[PDB]
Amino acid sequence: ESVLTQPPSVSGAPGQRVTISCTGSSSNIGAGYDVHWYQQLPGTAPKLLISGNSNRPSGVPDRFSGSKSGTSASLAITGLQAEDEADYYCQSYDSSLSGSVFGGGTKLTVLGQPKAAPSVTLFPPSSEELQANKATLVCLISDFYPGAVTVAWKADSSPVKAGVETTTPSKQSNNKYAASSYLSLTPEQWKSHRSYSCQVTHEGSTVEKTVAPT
């Protein structure tokens, strides 16, 4: 739905060269307007990366370069570094919109770090929350890589479908992933089973934690 089209994602290992394309039309890039590029690190404001198709601001390493041709432009990154993990946006004036619009963004992922299995810790409902007539099981999952897990809950030995809400994996400050999963029960359900289990599957290996109302 963006006027400029970028690939949703790209990836490489430290040291590799990756490129990100930006394609527009005759009303923007093809009309003679320059493309500018921005880098946005997780949880920060965008900052200028390349201006005027190919110019580097002070402070931007020569690992970064840009070019324009016809109705498309390209950002290239050589000697990929861990700190390059970020979102990248192209931009160009569009004469039919009278504004300097952005591509949809490209998520760059830096690959290659060793596999890490998740730490799982599971908490039963607190007695205070039970007094308030609610019950929440809390499954916390951390220090894993790569950042995809699936979570399944068991009431005793049977699958629990409803009442489950799981976050999407997110990078910790140590560069591994974290996620959490919450199972909502009535206090009566919680007390009527022998145990509940959180099962976390990561790269075809399952880690399990169990708690009992006892």
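All residue numbers refer to positions in the sequence shown, first residue = 1.
For the pair 20 to 28 and 198 to 206, the mean B factor over Cα atoms is greater in 198 to 206.
Relative to its counterpart among 102 to 110 and 125 to 133, 125 to 133 has the higher mean temperature factor, C-alpha atoms as listed in the PDB entry. The maximum CA B-factor among the listed residues 186, 40, 65, 51, taken from the PDB record, is found at 186. Between the residues 60, 35, 178, 155, the entry's highest C-alpha temperature factor is the one at 155.
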